[PDB]
Trainee: 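First, the structure itself, so that you have it in front of you.
In what follows, every chain begins at residue 1, and chains take the letters A, B, ... in the order their sequences are listed.
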Amino acid sequence: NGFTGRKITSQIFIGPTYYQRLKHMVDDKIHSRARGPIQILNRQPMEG
DNA sequence: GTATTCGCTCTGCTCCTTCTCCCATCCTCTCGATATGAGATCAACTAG
């Protein structure tokens, strides 16, 4: 255990595995709104 | 004078045809397409 240095009772399965970083980053997805722009036809919040 | 039909109508019954409707939610991104003045009328001035 990294926090206490005690051995973990279960022996953990560990080794090299090929991982991929995918295009989907949270910083390109996070979004918030509070009284922003509105659509012309119906005066409702925009899309996107 | 009643059989007996019998023509004609009145639904009504299946069926085929038409037609109209519907087909999860939410989110991100990219990419392509999408005239000008003259004359007349009228109304406000803008003064005489």
Trainee: Using whole Å, report how far NZ of A:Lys23 lies from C1' of B:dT30.
Mentor: 9 Å
Trainee: For the CZ atom of A:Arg43 and the CD1 atom of A:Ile38, what is their distance to the nearest 0.5 Å?
Mentor: 6.5 Å
Trainee: What is the distance, to the nearest angstrom, from the CE atom on A:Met46 to the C1' atom on B:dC29?
Mentor: 16 Å
Trainee: For B:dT2 versus B:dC6, give the span between their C1' atoms, rounded off to a whole number of Å.
Mentor: 16 Å
Trainee: Once you round it to whole Å, what is the distance between P of B:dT28 and CD1 of A:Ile30?
Mentor: 13 Å
Trainee: Is the number of heavy atoms from other residues, nucleotides or ligands under 6.0 Å of A:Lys7 NZ greater than 12?
Mentor: no
Trainee: How is the sugar of B:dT20 puckered by the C1'-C2'-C3'-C4' sign, north or south?
Mentor: south
Trainee: Tell me: NE2 of A:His31 to P of B:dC27, nearest whole Å?
Mentor: 10 Å
Trainee: If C1'-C2'-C3'-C4' is positive it's north, if negative it's south, so which is the sugar of B:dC6?
Mentor: south
Trainee: Taking a positive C1'-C2'-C3'-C4' angle as north and a negative one as south, how is the sugar of B:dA33 classified?
Mentor: south
Trainee: By sign alone, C1'-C2'-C3'-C4' of B:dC10 puts its sugar north or south?
Mentor: south
Trainee: Quick check: does any side chain N or O of A:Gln11 sit under 3.5 Å from a backbone N or O of A:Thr9, one acting as donor and the other as acceptor?
Mentor: yes
Trainee: Check the distance between B:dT28's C1' and A:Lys29's NZ and give it to me in whole angstrom.
Mentor: 6 Å
Trainee: Can a donor-acceptor pair be found, under 3.5 Å and without considering hydrogens, that links the side chain of A:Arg33 to the backbone of A:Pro37?
Mentor: yes
Trainee: In whole angstrom, what separates A:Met25's CE from B:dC29's P?
Mentor: 13 Å
Trainee: Based on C1'-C2'-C3'-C4', put the sugar of B:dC13 on the north side (positive) or the south side (negative).
Mentor: south
Trainee: Round to the nearest Å and state the distance from A:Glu47 atom CD to B:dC26 atom P.
Mentor: 10 Å
Trainee: What interatomic distance, in whole Å, is found between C1' of B:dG1 and the corresponding atom of B:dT5?
Mentor: 15 Å
Trainee: For the CD atom of A:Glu47 and the CD atom of A:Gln39, what is their distance to the nearest 0.5 Å?
Mentor: 7.0 Å
